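Chemist: One structure coming up, written as structure tokens, with questions to follow.
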Amino acid sequence: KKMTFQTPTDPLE
Amino acid sequence: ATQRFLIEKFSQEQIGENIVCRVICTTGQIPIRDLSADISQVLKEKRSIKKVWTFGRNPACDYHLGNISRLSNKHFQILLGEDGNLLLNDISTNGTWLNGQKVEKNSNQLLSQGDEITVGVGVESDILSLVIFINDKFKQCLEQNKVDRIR
């Protein structure tokens, strides 16, 4: 499958 | 003679009988909504929270947002209880902001008068701000009516 993300969470913790 | 009656209408409906607080978007994105809680329920409850609002892009959320991917289904939540004041609970995947200062997620914070919550932080053009309006009338009832020990 191939689609676009929904909630672009900034890479972090 | 309803001379006085005509004056009663002058004051009109008094706001703050149940309406806890109101959320107003300053950046012009989400439609202003009204958050409320029943006093009887608040006075009857002497433990835990009374009523909490959930805000986000989800139609379930007590607050319907526009459509920002940066924001989560239930970006933020507001709880009312403890003693009488209000609490702000952030519940976003990306985080909730207060006047530019990011608060601890799912954390209780002491609400502020005309405060503002910023969300969608990450990109200068991907941030959305909100404003919280609190009525003093609501506080009056709580103060005028203390829990237990009726006078």
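Labels for the structure tokens follow display order: chains A, B, ..., residues from 1 in each chain, ligands from 1.
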Please identify all residues of chain B having at least one atom at most 8 Å from any atom of chain A, considering only C-alpha atoms, and return them as a VMD selection string.

Modeler: chain B and resid 69 to 72 93 to 94 122

Chemist: Taking the DSSP assignment computed from this structure's backbone, write out as an MDAnalysis selection string all residues of chain B that belong to alpha helix (DSSP H).

Modeler: chainID B and resid 3:11 39:44 136:144

Chemist: Mind dumping the selected residues with N, CA, C and O atoms as a compact mmCIF listing (two decimals), in the first residue's frame?

Modeler:
# COMPACT_ATOMS: atom_id res chain seq x y z
N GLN B 3 -44.82 48.26 34.48
CA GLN B 3 -43.76 49.24 34.23
C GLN B 3 -42.40 48.66 34.60
O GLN B 3 -41.43 48.81 33.86
N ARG B 4 -42.34 47.99 35.75
CA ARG B 4 -41.10 47.38 36.22
C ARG B 4 -40.73 46.18 35.35
O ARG B 4 -39.56 45.93 35.09
N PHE B 5 -41.75 45.45 34.90
CA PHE B 5 -41.53 44.28 34.05
C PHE B 5 -40.74 44.65 32.80
O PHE B 5 -39.84 43.92 32.39
N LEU B 6 -41.09 45.78 32.20
CA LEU B 6 -40.41 46.25 31.00
C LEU B 6 -38.92 46.46 31.27
O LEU B 6 -38.09 46.26 30.39
N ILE B 7 -38.60 46.85 32.50
CA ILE B 7 -37.21 47.08 32.89
C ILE B 7 -36.47 45.76 33.05
O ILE B 7 -35.28 45.67 32.74
N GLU B 8 -37.17 44.74 33.53
CA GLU B 8 -36.57 43.43 33.73
C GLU B 8 -35.99 42.91 32.42
O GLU B 8 -34.92 42.31 32.39
N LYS B 9 -36.71 43.16 31.32
CA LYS B 9 -36.27 42.72 30.00
C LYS B 9 -35.01 43.48 29.58
O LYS B 9 -34.23 43.01 28.75
N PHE B 10 -34.82 44.67 30.15
CA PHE B 10 -33.67 45.50 29.84
C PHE B 10 -32.36 44.76 30.10
O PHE B 10 -31.46 44.76 29.26
N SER B 11 -32.28 44.12 31.26
CA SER B 11 -31.09 43.37 31.64
C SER B 11 -30.91 42.15 30.74
O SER B 11 -29.79 41.68 30.52
N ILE B 39 -24.28 23.34 37.64
CA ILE B 39 -23.85 23.69 38.99
C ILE B 39 -24.22 22.61 40.01
O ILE B 39 -23.41 22.25 40.86
N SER B 40 -25.45 22.11 39.92
CA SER B 40 -25.92 21.08 40.84
C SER B 40 -25.02 19.87 40.81
O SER B 40 -24.72 19.26 41.84
N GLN B 41 -24.57 19.53 39.61
CA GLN B 41 -23.69 18.39 39.41
C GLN B 41 -22.32 18.66 40.02
O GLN B 41 -21.68 17.77 40.57
N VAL B 42 -21.87 19.91 39.91
CA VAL B 42 -20.58 20.32 40.45
C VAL B 42 -20.59 20.31 41.97
O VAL B 42 -19.65 19.84 42.61
N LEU B 43 -21.66 20.84 42.55
CA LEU B 43 -21.79 20.90 44.01
C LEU B 43 -22.02 19.51 44.59
O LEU B 43 -21.60 19.22 45.71
N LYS B 44 -22.70 18.66 43.83
CA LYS B 44 -22.99 17.30 44.27
C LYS B 44 -21.73 16.44 44.26
O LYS B 44 -21.59 15.52 45.06
N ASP B 136 -17.22 35.66 34.92
CA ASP B 136 -17.13 35.82 36.37
C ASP B 136 -18.44 35.43 37.05
O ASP B 136 -18.46 35.12 38.24
N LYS B 137 -19.53 35.44 36.29
CA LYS B 137 -20.83 35.09 36.83
C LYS B 137 -20.81 33.67 37.40
O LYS B 137 -21.34 33.42 38.48
N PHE B 138 -20.20 32.76 36.65
CA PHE B 138 -20.11 31.37 37.08
C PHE B 138 -19.40 31.26 38.42
O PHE B 138 -19.83 30.53 39.31
N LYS B 139 -18.31 32.01 38.56
CA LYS B 139 -17.53 32.01 39.79
C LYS B 139 -18.35 32.56 40.96
O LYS B 139 -18.19 32.12 42.10
N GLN B 140 -19.21 33.52 40.66
CA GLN B 140 -20.06 34.13 41.68
C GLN B 140 -20.96 33.10 42.35
O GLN B 140 -21.07 33.05 43.57
N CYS B 141 -21.61 32.27 41.53
CA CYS B 141 -22.50 31.24 42.04
C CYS B 141 -21.75 30.27 42.96
O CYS B 141 -22.23 29.94 44.04
N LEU B 142 -20.58 29.83 42.52
CA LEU B 142 -19.77 28.90 43.30
C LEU B 142 -19.40 29.51 44.64
O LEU B 142 -19.50 28.86 45.68
N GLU B 143 -18.96 30.77 44.62
CA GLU B 143 -18.57 31.46 45.84
C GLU B 143 -19.78 31.72 46.73
O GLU B 143 -19.73 31.52 47.94
N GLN B 144 -20.88 32.16 46.11
CA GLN B 144 -22.11 32.44 46.84
C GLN B 144 -22.70 31.16 47.43
O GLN B 144 -23.47 31.20 48.38

Chemist: Can you list, as a count of residues only, every protein, DNA or RNA residue that comes within 12 Å of residue B:27 when you count only C-alpha atoms, leaving out same-chain residues fewer than 4 positions away?

Modeler: 14

Chemist: Mind checking which residues fall within 10 Å of residue B:60, counting only C-alpha atoms, ignoring those fewer than 5 positions away in the same chain, and posting them as a ChimeraX atom specification?

Modeler: /B:54-55,73-74

Chemist: Pick out each residue of stretch 22-130 of chain B that DSSP on the backbone tags as strand (DSSP E); I need them as a PyMOL selection string.

Modeler: chain B and resi 22-24+33-35+49-56+63-64+76-81+86-90+96-98+101-102+108-110+116-119+128-130

Chemist: Could you dump the residues just selected with N, CA and C atoms as a CSV table (one decimal), in the first residue's frame?

Modeler:
chain,number,residue,atom,x,y,z
B,22,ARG,N,-16.1,29.8,27.5
B,22,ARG,CA,-16.3,29.8,26.1
B,22,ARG,C,-14.9,29.9,25.3
B,23,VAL,N,-14.8,29.1,24.3
B,23,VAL,CA,-13.6,29.1,23.5
B,23,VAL,C,-13.7,29.9,22.2
B,24,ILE,N,-12.9,30.9,22.0
B,24,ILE,CA,-12.9,31.7,20.8
B,24,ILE,C,-11.6,31.7,20.0
B,33,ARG,N,-17.4,28.2,20.1
B,33,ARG,CA,-18.3,27.2,20.8
B,33,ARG,C,-18.5,27.6,22.2
B,34,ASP,N,-19.5,27.0,22.9
B,34,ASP,CA,-19.8,27.3,24.3
B,34,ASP,C,-19.7,26.1,25.1
B,35,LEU,N,-18.8,26.1,26.1
B,35,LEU,CA,-18.6,25.0,27.0
B,35,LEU,C,-19.4,25.2,28.3
B,49,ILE,N,-13.1,14.9,38.8
B,49,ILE,CA,-13.5,16.0,38.0
B,49,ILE,C,-15.0,16.0,37.8
B,50,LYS,N,-15.6,17.1,37.4
B,50,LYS,CA,-17.0,17.2,37.2
B,50,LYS,C,-17.3,17.0,35.7
B,51,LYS,N,-16.8,17.9,34.8
B,51,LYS,CA,-17.1,17.8,33.4
B,51,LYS,C,-15.8,18.3,32.6
B,52,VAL,N,-15.4,17.5,31.6
B,52,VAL,CA,-14.2,17.9,30.8
B,52,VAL,C,-14.6,17.9,29.4
B,53,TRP,N,-14.0,18.9,28.7
B,53,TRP,CA,-14.2,19.1,27.2
B,53,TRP,C,-13.0,18.6,26.4
B,54,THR,N,-13.3,17.9,25.3
B,54,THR,CA,-12.3,17.5,24.4
B,54,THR,C,-12.4,18.3,23.1
B,55,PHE,N,-11.2,18.8,22.7
B,55,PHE,CA,-11.2,19.6,21.5
B,55,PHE,C,-10.3,19.0,20.4
B,56,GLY,N,-10.7,19.2,19.2
B,56,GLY,CA,-9.9,18.6,18.1
B,56,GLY,C,-10.6,18.7,16.8
B,63,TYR,N,-15.3,19.8,20.9
B,63,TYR,CA,-15.0,21.0,20.1
B,63,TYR,C,-14.6,20.6,18.7
B,64,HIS,N,-15.3,21.0,17.7
B,64,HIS,CA,-15.0,20.7,16.3
B,64,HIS,C,-14.0,21.7,15.7
B,76,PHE,N,-6.8,19.0,22.4
B,76,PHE,CA,-6.7,19.4,23.8
B,76,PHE,C,-8.0,19.1,24.5
B,77,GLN,N,-7.9,19.1,25.9
B,77,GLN,CA,-9.1,18.8,26.7
B,77,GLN,C,-9.1,19.8,27.9
B,78,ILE,N,-10.4,20.2,28.3
B,78,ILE,CA,-10.5,21.1,29.4
B,78,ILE,C,-11.3,20.5,30.5
B,79,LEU,N,-10.8,20.5,31.7
B,79,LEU,CA,-11.5,19.9,32.9
B,79,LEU,C,-11.9,20.9,33.9
B,80,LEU,N,-13.1,20.8,34.5
B,80,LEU,CA,-13.6,21.7,35.5
B,80,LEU,C,-14.0,20.9,36.7
B,81,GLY,N,-13.4,21.3,37.9
B,81,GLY,CA,-13.7,20.6,39.1
B,81,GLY,C,-12.8,21.0,40.2
B,86,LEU,N,-11.0,26.4,37.0
B,86,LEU,CA,-10.9,25.6,35.8
B,86,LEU,C,-9.5,25.1,35.6
B,87,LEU,N,-9.4,24.0,34.8
B,87,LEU,CA,-8.2,23.3,34.5
B,87,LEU,C,-8.1,23.1,33.0
B,88,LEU,N,-6.9,23.2,32.5
B,88,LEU,CA,-6.6,23.0,31.0
B,88,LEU,C,-5.8,21.8,30.8
B,89,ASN,N,-6.3,20.8,30.1
B,89,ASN,CA,-5.5,19.6,29.8
B,89,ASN,C,-5.2,19.4,28.4
B,90,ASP,N,-3.9,19.4,28.1
B,90,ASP,CA,-3.4,19.2,26.7
B,90,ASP,C,-3.5,17.7,26.4
B,96,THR,N,0.3,21.0,23.0
B,96,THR,CA,-0.5,22.1,23.2
B,96,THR,C,0.3,23.3,23.8
B,97,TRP,N,0.1,24.5,23.2
B,97,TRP,CA,0.8,25.6,23.7
B,97,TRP,C,0.0,26.7,24.4
B,98,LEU,N,0.7,27.4,25.3
B,98,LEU,CA,0.0,28.5,26.0
B,98,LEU,C,0.9,29.7,25.9
B,101,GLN,N,4.3,29.3,25.2
B,101,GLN,CA,5.0,28.3,26.0
B,101,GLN,C,4.3,27.0,26.0
B,102,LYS,N,5.0,26.0,25.6
B,102,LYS,CA,4.4,24.6,25.5
B,102,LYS,C,4.3,24.0,26.9
B,108,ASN,N,-2.6,18.9,34.1
B,108,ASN,CA,-3.6,19.9,34.6
B,108,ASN,C,-2.9,21.3,34.8
B,109,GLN,N,-3.5,22.3,34.2
B,109,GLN,CA,-3.0,23.7,34.4
B,109,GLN,C,-4.1,24.6,34.9
B,110,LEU,N,-3.8,25.6,35.7
B,110,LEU,CA,-4.7,26.6,36.2
B,110,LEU,C,-5.1,27.5,35.1
B,116,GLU,N,-5.0,31.9,26.0
B,116,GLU,CA,-5.0,31.5,24.6
B,116,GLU,C,-4.1,30.2,24.5
B,117,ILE,N,-4.7,29.3,23.7
B,117,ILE,CA,-4.0,28.0,23.5
B,117,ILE,C,-3.5,27.9,22.0
B,118,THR,N,-2.2,27.6,21.8
B,118,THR,CA,-1.7,27.5,20.5
B,118,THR,C,-1.4,26.1,20.2
B,119,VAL,N,-1.7,25.6,19.0
B,119,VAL,CA,-1.6,24.2,18.6
B,119,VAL,C,-1.1,24.1,17.1
B,128,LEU,N,-1.9,27.1,15.0
B,128,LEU,CA,-3.2,27.7,15.2
B,128,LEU,C,-3.4,28.1,16.6
B,129,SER,N,-3.9,29.3,16.8
B,129,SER,CA,-4.2,29.8,18.2
B,129,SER,C,-5.6,29.9,18.5
B,130,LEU,N,-5.9,29.8,19.8
B,130,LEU,CA,-7.2,29.8,20.4
B,130,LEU,C,-7.3,30.7,21.6

Chemist: If I take atom CA of residue B:59 and atom CA of residue B:91, how far is one from the other in Å, to one decimal?

Modeler: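 Straight-line distance from atom CA of residue B:59 to atom CA of residue B:91 works out to 15.8 Å.
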
Chemist: Would you work out the distance separating atom CA of residue B:95 from atom CA of residue B:65, expressed in Å to one decimal?

Modeler: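 Taking atom CA of residue B:95 as the start and atom CA of residue B:65 as the end point, the length is 15.4 Å.
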